[PDB]
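Okay, so here's the structure we're looking at.
Values in this text are rule-based calculations from the coordinates and carry no lab data. A quick note on method: Cβ atoms are made from the backbone with ideal geometry, for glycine too, and the neighbour counts reach across all protein chains shown.
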Amino acid sequence: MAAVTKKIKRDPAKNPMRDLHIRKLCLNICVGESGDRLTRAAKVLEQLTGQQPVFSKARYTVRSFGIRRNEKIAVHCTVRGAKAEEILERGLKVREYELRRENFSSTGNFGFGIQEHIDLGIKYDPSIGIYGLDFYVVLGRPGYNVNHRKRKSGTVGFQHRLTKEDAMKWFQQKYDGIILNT
Amino acid sequence: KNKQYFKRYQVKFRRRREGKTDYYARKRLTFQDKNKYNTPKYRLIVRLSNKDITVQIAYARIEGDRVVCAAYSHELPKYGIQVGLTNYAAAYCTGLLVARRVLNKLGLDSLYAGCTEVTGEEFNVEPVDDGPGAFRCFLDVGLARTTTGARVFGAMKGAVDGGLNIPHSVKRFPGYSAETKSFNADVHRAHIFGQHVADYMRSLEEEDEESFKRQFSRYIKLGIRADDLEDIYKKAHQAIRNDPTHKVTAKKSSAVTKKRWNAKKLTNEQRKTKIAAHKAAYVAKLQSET
Amino acid sequence: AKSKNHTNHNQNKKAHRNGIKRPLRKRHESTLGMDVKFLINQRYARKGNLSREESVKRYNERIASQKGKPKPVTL
Amino acid sequence: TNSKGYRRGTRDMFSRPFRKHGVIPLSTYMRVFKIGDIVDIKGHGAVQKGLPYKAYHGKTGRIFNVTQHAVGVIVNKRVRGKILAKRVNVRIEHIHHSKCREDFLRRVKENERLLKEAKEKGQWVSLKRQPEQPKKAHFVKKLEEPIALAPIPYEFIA
Amino acid sequence: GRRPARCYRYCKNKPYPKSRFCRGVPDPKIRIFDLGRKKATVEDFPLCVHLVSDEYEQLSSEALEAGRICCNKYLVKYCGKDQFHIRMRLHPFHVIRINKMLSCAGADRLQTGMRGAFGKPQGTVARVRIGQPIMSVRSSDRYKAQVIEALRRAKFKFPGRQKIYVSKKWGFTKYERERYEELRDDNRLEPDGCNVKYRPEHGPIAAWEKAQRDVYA
RNA sequence: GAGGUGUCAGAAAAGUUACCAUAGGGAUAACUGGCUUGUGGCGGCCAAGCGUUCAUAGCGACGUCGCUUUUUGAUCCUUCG
RNA sequence: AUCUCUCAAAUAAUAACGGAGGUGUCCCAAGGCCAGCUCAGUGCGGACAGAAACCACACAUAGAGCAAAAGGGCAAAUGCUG
RNA sequence: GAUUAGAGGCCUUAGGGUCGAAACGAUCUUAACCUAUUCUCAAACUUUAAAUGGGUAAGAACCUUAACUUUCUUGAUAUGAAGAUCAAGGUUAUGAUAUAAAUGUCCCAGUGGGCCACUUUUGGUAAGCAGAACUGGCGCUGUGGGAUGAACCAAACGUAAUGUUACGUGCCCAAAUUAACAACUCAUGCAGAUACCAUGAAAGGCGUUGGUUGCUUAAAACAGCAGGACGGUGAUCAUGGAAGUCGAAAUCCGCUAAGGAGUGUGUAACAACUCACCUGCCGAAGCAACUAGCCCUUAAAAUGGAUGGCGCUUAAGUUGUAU
RNA sequence: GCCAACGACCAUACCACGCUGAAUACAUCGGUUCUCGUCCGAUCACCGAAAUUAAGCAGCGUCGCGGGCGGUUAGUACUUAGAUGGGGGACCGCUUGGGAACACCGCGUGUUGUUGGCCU
């Protein structure tokens, strides 16, 4: 606001550092039960990711479906680096990756539901059955650790914060999928 | 939204807004007992950065902390430490440095020679009798998690091997395995001599040349092979005990108002002339169509 | 019955009749309930006050044993 | 039909100010306090470790015993009516430094010095305070816009 | 039960507030405070006339119900059915406690000798000070006779003594009538429901700019 | 240290008397007098009205303001030799 | 017997069978301490997914929580988890 | 924490719909929601924050200077601290007060029912009731004044002379019917008359005395006694008549100094009929809405009766003052 | 004119947005063998530098929000104190003194300490 822009020639404000790197992929299964209905969903993820997953205890007893405080209804696991970008393209062929428009949170994040989890390069294994999955991919830029450190922390700004268009271009650019603007 | 938010909101302090101090160690460190009225605390700051660690001895006061002495790892290329300035072993010699950069101020150089043969045992100093009791200090790490063998404790290990009486245990020195302790002193003699940085190279001498195009590059720019790192770090210990010259500087000066530089702040007159034309420009944008 | 339970009339006319009686100004005061040494230290310095005229000069000559005190200005 | 007990009617003695909540600023622990010093008591509402009672907040008195992190002050409490000398321990943030001596201690310097410059001229001291006298006889010119300037009312119509 | 207010004519206590657990209190129908063309803008009704009091009177709310339905039913007779704005400037936000002898059925046998002395709630009241207007009628300047005579018939339902200002205001504004126009005539005042806008300058530019846009183009 | 006095600075304790008693009490009720008015009883201001029409011949809604104290109470001033 | 806000009239004190409530317990952690993390809620997203949960990113001055009444108090805690 | 009123809004929360099969094209509407306002408040609400207040200080028991002391817990001057002796210090450190103050014992007697009052205040509808905060009184206290009285206003009291004072001076009743004043006020069953205090309302009143605003008037106003007053148009609204006229949509004008689709009796038609208006007439101020002084009305209780009494009415009443 | 560490008072420092930032720096940033922690080397932990000044951060801009200050609302509101002052009452007036508050208008946008350091 009334500050002289004047464009001192160091860069055209291109991307030397705004390079839009995928931060992480987090997985979750929300199945309203426990027991074998839990741990078979647990042994989905240990072979699907290679990380030992963590469960999640429910927040409050809702009694519309009888889930209880500390009942461990749900399983979730996170993936950072060298495994996100292979799991997602596995998840995109089953997605036939022209994925619908939202699917796109305004903070530059995008996730999607899938069904029929066998087609992620795994055997059917009728001992465990089928399990419906939700995916969620969080993207970032080089620099977001400034938000998440203990010492001299701080927020980022108008940009490097990711707009939704930063998440739709980058999905249109690589992986070549259209966004299905319905 | 968020407008009478601002009338009631008040701010956490300054250095909880920057995220620098914590004010829950700051009260509890610098507290002296209020009957030993004004004899200060003399704690020991250790702050570390991406480039260069920092160790200052200080005691707080009403008007900001006084500082008796400070020693950085950037001084170390005098004493032969050219690269690798944030090792644990590079953190060792800095805490060794102030523990001899400060006893010259007190003249405590005849007494408290310290652990002259460093090997990794907790040789807290002894009060040499009939006179000067040993210098006292307490560790202030502040905002780093005190995990078992962090870089900040070699700086402490520099000081207690320098000769400063600091109470400490060993449970955050490296290699003292808490399953189960394992007073294994010798892993210091591999760490304070920096050798596991070298043995990282000796376990990477053979796999990738690009590993040397990766991390511990520029040892290759100075020919620093993975064999003589102790011989650097042994030589520093006898050379830091030569002369902490306290970094005297006699530029004196090129400092004053060069060149302007930082966009002075527009008094109300030229503020008003900015608004006077802007209101005149907007009717000029309106008088254009009519 | 109930006429007058708990009033303050005539209560500061009484308290200002044999009047309001400031405490004291005592030169020395009781050290009863002070820090208990502290006071054993001052009970040790009270005994060792031995020099009025004699040794009180003499230790300056002992300062000159280090030709004075150039060094200890720091701690 | 009561008060009783020990912290009743302290919705405003130990309320915090407008937006001075939070971490106590760390100079409060750094002040030096001596024995025989004079001191005030404003019970700090965010520190529960030995607040003064409500009958001593507002009251000044002399320190006479200092400890690790509290101070034993002597506060005059009026009872009926024989004023007692109490012996109160409080912590540090329930204490401030008085200023009531601070002006006098700069009056002792200057009356030592207004006699010190008058040590050489000799005469004369004029040390003690005076309350406000009448001013003097002046005369003042208009000099500057002669009179009237004349206020005369018209104060109702409304 | 519908207690008279010969017994409740003064500010006898520091005023009772309205709690948030005592539900069971009587629901009044004093819900109406503005009457007339309440939707008309400032340009439609420029005359404003108050009914200013002369004591620290405490008004009942029975009187304020009558003081609005009196002045409606001359101004829907002698002013035209929309040419005004009756407004109560004064809300009855207090409680009166009535310890009455509902001491029939004759065999409780402890009822009160002086045991106990709880109060019992049966309505509201509205407290007034000197120079505090109770109603204001915003209308057009033509019915000036019709409104100052409408408020005389609102006096005789209120206790106390009232005085009838015709304002130098331009309706319900804070502004003087001539001083309204001078500030109005270029950009500086903006229309609203029944009021105006006050120096939209600071800040920062576009509110100065866009309000200068539409007055230009 | 514990076992508990909650009437909580701490006796171990059911009623009745119209068959009654004593010491007293106007420190205390029933009774007159006094003060008081929720109740009792009460007449002006302003008119929405009714009054076929017509406001006020006669009444007069919501208001509002005053008046009496033999009742009803409210109190406990006076009196319990 | 006892506690909290009000009465209470800007020290503290103050009364009525005045007003609104509380107590006779509860806790081997709900006590201690060191470390880590931040809450009410709202906003955009994600198979079965509304009020449905759960994962997820931003906002979030305490509008949460702190055994219990009420009042103060607390944000790298006194809160949550270890 | 209650809370009135509307304004603005992409809205997509949208309710009716609507143009539309629905609209997903769009239209407004209505509900919220959001934005900038707005009316009124709060013993158990606060950003701000008085007066009256509460605390402490105001010098020799002071001010510095020194080196000594200590076992110590803290410290390399074996520094700090708290002290023990020396060195320097002007004129003693706001004002005004001192009927003497300080301190023991006998905690010796009595008391541990209080009432009244300003301002504050809670319960009650009120109370000469109930309960508190402050100061002063009564209790214990006479005298002067209020005719009268526990507390009001003056004043506190040894026996006397003289002189001089808050309330009063028409007579009871000492001293003014003032060789002092201006005004206000007529009161036919209570004129009014010494603060507390001995009850009184709202609203009036062409009773009277002042006022503030608004007119009209010397181109002669108001007041009283003359003239004209319909038609274009039974165009028109109204048929219980409309024709100017119970009630009128309209709607001007023509005529003309002055006549309007018209002013009048609880006159259904025409019409009679009169006002408005103008000029004649006379010619100095006039008309109205207010406002607050005293007076009045409101204003009604039981033995006979109370400005204290008589009486007073250019006062012996009331307001402002003087000797 | 700066930078880092450590602060003090703790918004004139905060928030939103936009621009700039020489050097010293700080960061961002590369890795997981060790120490070390994690479901996940993101967080911490440890190793050391290729990249970058984008962002943090620093400096500024805005009739910005807020917050700070001053005038002014105002000798106002309220209030000590006094009257055998007014009024039927509410309440008011006078005398003697103390004397605010929102709003409103303006004006400022952190000041600094100790220690090393850069010098456009």
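Structure notes:
- Some residue of segment E:63-75 being within 16 Å of RNA strand I (Cβ to nearest atom) and either of a type in the set (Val, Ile, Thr) or in contact (Cβ under 8 Å) with a residue 24 or more places away in the chain (or both): yes
Residue by residue, here is whether (1) within 13 Å of RNA strand I (Cβ to nearest atom); (2) in contact (Cβ under 8 Å) with a residue 40 or more places away in the chain; (3) within 14 Å of chain B (Cβ to nearest Cβ); (4) within 30 Å of E:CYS7 (Cα to Cα) holds:
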position	(1), (2), (3), (4)
E:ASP141	no, yes, no, no
E:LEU189	no, no, no, no
E:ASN195	no, yes, no, no
E:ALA206	yes, no, yes, no
E:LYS210	yes, no, yes, no
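- Taken over segment A:69-82, residues that are surrounded by 15 or more Cβ atoms within 10 Å (Cβ to Cβ) and of a type outside the set (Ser, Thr, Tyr) amount to 8.
- Close pairs (7 angstrom Cβ cut-off, 6 or more residues apart or separate chains): part of a loop (DSSP other than H, G, I, E, B) in segment E:27-42, among the polar types (S, T, N, Q) and buried (at least 18 other Cβ atoms within 10 Å of the Cβ) anywhere: E:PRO28/E:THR124; E:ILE30/E:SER61; E:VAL42/E:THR173
- Condition check for D:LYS49: loosely packed, with under 13 Cβ neighbours inside 10 Å and within 18 Å of B:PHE31 (Cα to Cα): yes
- Check on B:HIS237, within 16 Å of RNA strand H (Cβ to nearest atom), in contact (Cβ under 8 Å) with a residue 24 or more places away in the chain and surrounded by 12 or more Cβ atoms within 10 Å (Cβ to Cβ): no
- Boolean, D:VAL47 is part of a loop (DSSP other than H, G, I, E, B), under 30 Å from C:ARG22 (Cβ atoms) and within 11 Å of RNA strand G (Cβ to nearest atom): no
- Of all residues making up segment B:218-234, the number that are assigned to a helix (DSSP H, G or I) and buried (at least 17 other Cβ atoms within 10 Å of the Cβ): 3
- Selection status of E:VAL42, away from RNA strand I (no atom under 16 Å from the Cβ), touching a strand residue (DSSP E or B) at 6+ places or on another chain (Cβ under 8 Å) and of a type in the set (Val, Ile, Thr): no
- Qualifying residue in segment B:47-64 (condition: part of a loop (DSSP other than H, G, I, E, B) and among the hydroxyl-bearing types (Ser, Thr, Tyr)): yes
- Qualifying positions in segment B:19-38 - within 7 Å of another protein chain (Cβ to nearest Cβ), part of a loop (DSSP other than H, G, I, E, B) and of a type outside the set (A, V, I, L, M, F, W, C): B:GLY19, B:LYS20, B:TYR23, B:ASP33, B:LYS34, B:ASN35, B:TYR37, B:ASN38
- Of all residues in segment D:120-158, those that are surrounded by 10 or more Cβ atoms within 10 Å (Cβ to Cβ) and of a type outside the set (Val, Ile, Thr) total 2.
- With respect to the conditions (1) away from RNA strand H (no atom under 15 Å from the Cβ); (2) touching a residue at least 40 places away in the same chain (Cβ under 8 Å), B:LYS41 falls short on a single one, namely (1).
- Of the residues in segment B:44-56, not one is within 14 Å of chain D (Cβ to nearest Cβ) and either crowded, with 16+ Cβ neighbours inside 10 Å or in contact (Cβ under 8 Å) with a residue 24 or more places away in the chain (or both).
- Each residue in segment E:78-98 was checked for being closer than 28 Å to E:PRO17 by Cβ and either in a loop (DSSP other than H, G, I, E, B) or of a type in the set (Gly, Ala, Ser) (or both), and 9 of them qualify.
- Selection count, segment E:7-36, where residues are under 20 Å from the mean Cα position of the chain (by Cα), under 20 Å from E:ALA66 (Cβ atoms) and more than 16 Å from RNA strand I (Cβ to nearest atom): 10
- Scanning segment B:96-111 for residues that are in a helix (DSSP H, G or I) and more than 10 Å from RNA strand H (Cβ to nearest atom), we see that the one that is farthest from the other protein chains (Cβ to nearest Cβ) is B:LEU96.
- Qualifying residue in segment E:112-131 (condition: away from every other protein chain (no Cβ under 14 Å), touching a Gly at 6+ places or on another chain (Cβ under 6 Å) and more than 12 Å from RNA strand F (Cβ to nearest atom)): no
Residue by residue, here is whether (1) outside any loop (DSSP other than H, G, I, E, B); (2) surrounded by 14 or more Cβ atoms within 10 Å (Cβ to Cβ); (3) away from RNA strand F (no atom under 16 Å from the Cβ) holds:
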site	(1), (2), (3)
E:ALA150	no, yes, no
E:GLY160	no, yes, no
E:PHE172	no, yes, yes
E:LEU183	yes, yes, yes
E:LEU189	no, yes, yes
E:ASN195	no, yes, yes
E:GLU201	no, no, yes
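- Among the candidates D:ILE24, D:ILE35, the residue that is closer than 27 Å to C:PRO23 by Cβ, facing another protein chain (nearest Cβ under 10 Å) and among the hydrophobic types (A, V, I, L, M, F, W, C) is uniquely D:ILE35.
- The C-beta contact set for segment C:49-75 (first residue without any contact (Cβ under 8 Å) to a residue 40 or more places away in the chain, second residue of a type in the set (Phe, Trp, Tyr), distance under 8 angstrom, 6+ apart or interchain) comprises C:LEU75/B:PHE135.
- Of all residues in segment E:111-129 being charged (D, E, K, R) and closer than 18 Å to E:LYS14 by Cα, the one that is farthest from RNA strand G (Cβ to nearest atom): E:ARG129
- Only one of D:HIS21, D:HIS57 that is away from RNA strand F (no atom under 16 Å from the Cβ), farther than 20 Å from B:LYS36 by Cβ and surrounded by 13 or more Cβ atoms within 10 Å (Cβ to Cβ): D:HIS57
- Residues that are part of a loop (DSSP other than H, G, I, E, B) and within 10 Å of RNA strand H (Cβ to nearest atom) were ranked within segment E:123-147; the one that is surrounded by the fewest Cβ atoms within 10 Å (Cβ to Cβ) is E:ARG129.
- Verdict on B:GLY149 being of a type outside the set (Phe, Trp, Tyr) and assigned to a loop (DSSP other than H, G, I, E, B): yes
- The set of residues from segment C:22-67 being more than 14 Å from chain D (Cβ to nearest Cβ), assigned to a loop (DSSP other than H, G, I, E, B) and surrounded by 10 or more Cβ atoms within 10 Å (Cβ to Cβ) comprises just one member, C:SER51.
- So D:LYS42, is it part of a loop (DSSP other than H, G, I, E, B) and among the basic types (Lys, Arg): yes
- All positions within segment E:37-53 that are of a type in the set (D, E, K, R) and within 19 Å of the chain's Cα centre (by Cα): E:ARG37, E:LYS38, E:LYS39
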